[PDB]
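Each chain gets a letter, A, B and so on, in the order its sequence line appears, and its residues count up from 1. Heavy-atom basis, side chains included; hydrogens, waters and symmetry copies ignored.
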Protein chains: 2
Amino acid sequence: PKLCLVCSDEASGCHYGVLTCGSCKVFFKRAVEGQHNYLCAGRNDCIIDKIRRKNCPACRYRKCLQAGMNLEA
Amino acid sequence: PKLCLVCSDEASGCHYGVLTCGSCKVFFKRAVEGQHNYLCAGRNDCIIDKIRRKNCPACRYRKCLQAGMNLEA
DNA sequence: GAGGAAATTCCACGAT
DNA sequence: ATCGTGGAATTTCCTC
Ligand SMILES: [Zn+2]
Ligand SMILES: [Zn+2]
Ligand SMILES: [Zn+2]
Ligand SMILES: [Zn+2]
């Protein structure tokens with residue numbers, strides 16, 4: 001019943017300091033390692049869920065950071 | 001003329017009835033025969049330009065239709 | 001020449 | 001680390 005704090009999909013455990021699913025954990029790692037320039041086509045307010053998380057890496061990454069995800073955790 | 005009526009990128013000609021670039025031509029063909037399930041993570045006003053057009057297929061497809069693109073043209 | 005469309009290449013995403 | 005899937009976009013080939 002525990003949910004990913006980023007996309008609300010069911011969580012696989014505590015990854016990089018935050019309860020998250022597998023895809024969001026892999027996304028965050030790749031985002032930090034690659035130092036990605038992401039641009040929201042919206043207002044930087046996008047809905048991030050299982051379906052929509054692919055739409056805006058910018059808002060997804062922002063949510064990762066604001067939830068406290070860090071590589072050195 | 002030039003300037004694709006969907007994303008404002010340089011237009012390659014009149015495709016499916018509308019002045020469009022090459023990428024919006026094949027996008028529309030894919031989307032119109034496909035499901036076009038697309039969900040917007042924003043307010044369905046997403047900015048569609050050369051940089052952001054990949055972010056929201058929902059809004060891109062909506063702009064294709066509003067511009068008047070159709071298969072039977 | 002135009003434009004439709006397959007073929008091709010590239011990449012994000014995500015499971016294992 | 002492979003690696004499958006699917007979308008994106010350019011390149012190549014088709015008919016008219
Ligand atoms: Zn998640
Ligand atoms: Zn966004
Ligand atoms: Zn376009
Ligand atoms: Zn949108």
Trainee: Between atom SG of B:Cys40 and atom CG of A:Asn55, what is the distance when rounded to the nearest 0.5 Å?
Mentor: 7.5 Å

Trainee: Whole angstrom is fine here: how far is it from CD in B:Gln35 over to P in D:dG7?
Mentor: 9 Å

Trainee: Can you tell me the distance, in whole Å, between the CZ atom of B:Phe27 and the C1' atom of D:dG7?
Mentor: 10 Å

Trainee: Rounded to the Å, how far apart are B:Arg60 CZ and D:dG7 P?
Mentor: 13 Å

Trainee: Need one value for B:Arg53: base, sugar-phosphate or nothing, where a base atom within 4.0 Å counts as base even if backbone is also close, heavy atoms only.
Mentor: sugar-phosphate

Trainee: Round to a whole Å and report the spacing from CD1 of B:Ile51 to P of D:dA8.
Mentor: 17 Å

Trainee: Nearest-nucleotide wise, let me know which of A:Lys54 and B:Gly17 is further upstream toward the 5' end of DNA chain C.
Mentor: B:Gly17

Trainee: Determine, for A:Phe27 and A:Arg53, whether the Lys NZ or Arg CZ falls below 6.0 Å from the six-membered ring centre while staying within 45 degrees of the axis.
Mentor: no

Trainee: Find the distance B:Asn55:CG to D:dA9:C1' and express it as a whole number of Å.
Mentor: 15 Å

Trainee: Could you tell me whether a side-chain N or O of B:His15 sits under 3.5 Å from a main-chain N or O of B:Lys25, the two making a donor and an acceptor?
Mentor: no

Trainee: Roughly how far apart are A:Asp45 CG and A:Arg62 CZ, rounded to 0.5 Å?
Mentor: 7.5 Å

Trainee: Would you give the length of the straight line joining atom OG of B:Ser8 to atom CD1 of B:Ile47, rounded to the nearest 0.5 angstrom?
Mentor: 11.0 Å

Trainee: On DNA chain C, reading 5' to 3', which nucleotide is the first and which the last to sit with an atom under 4.0 Å from a heavy atom of chain B, could you check?
Mentor: C:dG3 to C:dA5

Trainee: Please examine the side chains of A:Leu3 and A:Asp9, heavy atoms only from C-beta on, and report whether any two atoms are closer than 4.5 Å.
Mentor: no

Trainee: Whole angstroms only, please: what is the NZ-P distance between B:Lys25 and D:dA9?
Mentor: 13 Å

Trainee: NA contact type, B:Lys29, heavy-atom cut-off 4.0 Å: base, sugar-phosphate, or nothing?
Mentor: sugar-phosphate

Trainee: Report which part of the nucleic acid B:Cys14 touches: base, sugar-phosphate, or nothing (heavy-atom distance under 4.0 Å, all strands).
Mentor: sugar-phosphate

Trainee: Are A:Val32 and A:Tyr61 packed together at the side-chain level, in the sense that at least one heavy-atom pair is separated by less than 4.5 angstrom?
Mentor: yes

Trainee: Measure OH/B:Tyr61 against P/D:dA8 and give the value in whole Å, please.
Mentor: 13 Å

